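So this first bit is one chain, no partners, the form deposited in one PDB entry, shown in structure tokens.
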């Protein structure tokens, strides 16, 4: 029997701006996974948002500040004109139009509201543990609503004390949108929000030492940090490609011999890793966080000692030995929408009948 789902997006910025990071890819991909199984999905998101094909409703208001820019004792914050508050008021108004509401925001409010809704609310947690108030809000929702919380990786789950009670769903891509490129140019790629946690400094330095140009795609979400990188490395240290659509990303990224992933934080998953593999691009990453669950050492990439420049330079030197077709094959075997649709249904359907 087909069901009706409402997906409520992240409040940090509009879908398509890049402010929401990987959520802006994950949400529509999970929506596609369900619509391909016959369900109806609608989306609620901040004003300015764009989404192909699906019903979308947008709500004006002030964006949430990013959780990772605050320390562990920070209170939850609700700004004047908050888009997050507005989104949840609207969800509540329309709750009887859906069988289940799926929250994508790493915020206290929607977790707190869950028992205030009649319709069931489930939560996909995008990041590892960041704050006491969030840890507690997730715990409480789990205590009352077992099975209602999903995560992307076991490494992510292990950052929380209750991580074994979270379901790991991994992630998936719309594989039809990615072209396999068997013949790369002698250049490296890096893809991400241009934000301190992503460690772009490390990748610039490693590419310069390896002697290879670095092409950078990503949203300029932190203009102060971007100017600091310019101050340190100069304006000609990276070739900046802008923030681009999935179709432009996959064409550009496919041309690279490898994707460097150099996060300062513990990455929960890292959509860009699976996007690279989908284009036949091997991934060099630190052996920390989600990439440990994505890459196969010496087959689809390199997992190197965290935070060591020499290891990254060495890995760059061993890209030519990896089979790009193998990377692509791994993407097809593991990261399909069809398989995600199965995992979503196994997660969400039992929450409808209790």
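Numbering follows the first chain given and starts at 1. Between two forms, the rigid core is the largest collection of C-alphas that superpose within 1.5 Å.
Omission of residue 266 is seen in a third or more of the other entries compared for this protein where the adjacent residues are built. Missing-residue comparison: residue 140 falls in the unmodelled set for none of the other PDB entries checked, so it is not missing from a third of them. The mean C-alpha temperature factor is higher for 302-310 when 61-69 and 302-310 are set side by side.
When the two stretches 108-116 and 156-164 are set side by side, the higher mean Cα temperature factor goes to 156-164. Highest C-alpha temperature factor among 12, 23, 333, 339, as the PDB entry reports it: 333.
Per the PDB record, 208 has a higher Cα B-factor than any other of 208, 103, 82, 126. In this PDB entry, residue 230 carries a Cα temperature factor that places it within the highest third of its chain's modelled residues. Residue-level temperature factors show residue 352 in the highest third of its chain, judged at the C-alpha atom. In this PDB entry, the Cα temperature factor of residue 140 sits in the top third of its chain's modelled residues, the highest group. When all modelled residues of the chain are sorted by CA temperature factor, residue 246 is found within the middle third. Annotation for residue 236: C-alpha temperature factor in the highest third relative to the rest of the modelled chain, per the entry.
Omitted from view is the form deposited in another entry, to which the following refers.
Aligning the rigid core between the shown form and the other one and inspecting 221, 126, 129, 95, the C-alpha positions shift by 2 Å or more at one residue, which is 221. Core-aligned CA deviation for residue 261 between the shown form and the other one: 2 Å or greater. Relative to the superposed rigid core, the position of the CA of residue 159 differs between the shown form and the other one by less than 2 Å. Once both forms are fitted on their core, a CA shift of 2 Å or more is seen for residue 318 between the shown form and the other one.
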